[PDB]
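J.: Coordinates for the following, if possible.
(one chain, ligands or ions: 1)
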Amino acid sequence: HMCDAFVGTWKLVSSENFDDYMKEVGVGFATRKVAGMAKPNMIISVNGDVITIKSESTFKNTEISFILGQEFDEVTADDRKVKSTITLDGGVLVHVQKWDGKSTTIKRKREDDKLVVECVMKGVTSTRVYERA
Ligand SMILES: O=c1cc(CSCc2ccc(Cl)cc2)[nH]c(=S)[nH]1
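T.: Numbers count the residues shown, from 1 in each chain. Here you go, the structure:
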């Protein structure tokens, strides 16, 4: 029942500062423009200890499956090949991605009826708000 309140199908409804986050990560111009337009659905499910997070959009469909605390290699939507570890910290899913000596952290939390995604790269934060689909 760890992640019960995350399970379901969620649709992006707002984004702030995502272009600056993508710049800080190193995403190139064309990918930033097309990725910034996307209105993904995020589909979260749990089966035993395995959590699956799917993102589906007109830009790029992604899927990760993982066990909390157990590192996994991930190909991001912008085509980085990263090493990821996701943990639960005080009810927040904390997702750290490492690549090329760099690191970014994505936090996913339930706030009221929303799922709030905070993406941080150094000093730059983007907030993406999802509602139930
Ligand atoms: O599941 C998720 C994860 C995130 C983390 S940044 C992903 C991402 C990265 C690069 C590009 Cl070009 C587009 C997208 N943001 C939302 S909204 N949902």
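J.: Test my guess that residue 73 contacts residue 97.
T.: No. Residue 73 is beyond contact range of residue 97, at 10.2 Å (criterion: CB atoms under 8 Å). For the C-beta atoms, the positions are set from N, CA and C on the backbone; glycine is no exception.
J.: Common neighbours of those two, please.
T.: Residues touching both residue 73 and residue 97 (CB atoms under 8 Å, 6 or more residues apart in numbering) are 82-84.
J.: Can you say which of those residues are buried?
T.: Buried members of the shared contacts of residue 73 and residue 97, counted by 16 or more other CB atoms under 10 Å: 82, 84.
J.: that older thread, of residue 73 and residue 97, who's got more company?
T.: Remark: of residue 73 and residue 97, residue 97 carries more neighbours, 19 against 9, as counted by other CB atoms under 10 Å.
J.: and the more buried one, bridged to which residues?
T.: Applying DSSP bridges to residue 97 gives these bridge partners: residue 84, residue 104.
J.: before we move on, what about residue 53?
T.: Beta-bridge partners, per DSSP bridges, of residue 53: residue 44, residue 64.
J.: and it, how many neighbours?
T.: Residue 53, neighbours per other CB under 10 Å, totals 19.
J.: Quickly note the distance from it to residue 100.
T.: Applying CB to CB, to the nearest Å, the value for residue 53 to residue 100 is 23 Å.
J.: Residue 107 too?
T.: Residue 107 is 22 Å from residue 100, by CB to CB.
J.: Looking at these two, which has the bigger crowd around it?
T.: residue 107 (17 against 9).
J.: Provide the backbone phi and psi angles at the more buried one.
T.: Backbone geometry at residue 107, expressed as degrees, to the nearest 10, gives phi -110, psi 140.
J.: For the spatially closest residue to it that is not a sequence neighbour, what are phi and psi?
T.: Spatial nearest neighbour of residue 107, chain neighbours left out: residue 118 (4.6 Å); criterion: CB to CB, 6 or more residues apart in numbering. Phi and psi for residue 118, reported as degrees, to the nearest 10, are phi -110, psi 120.
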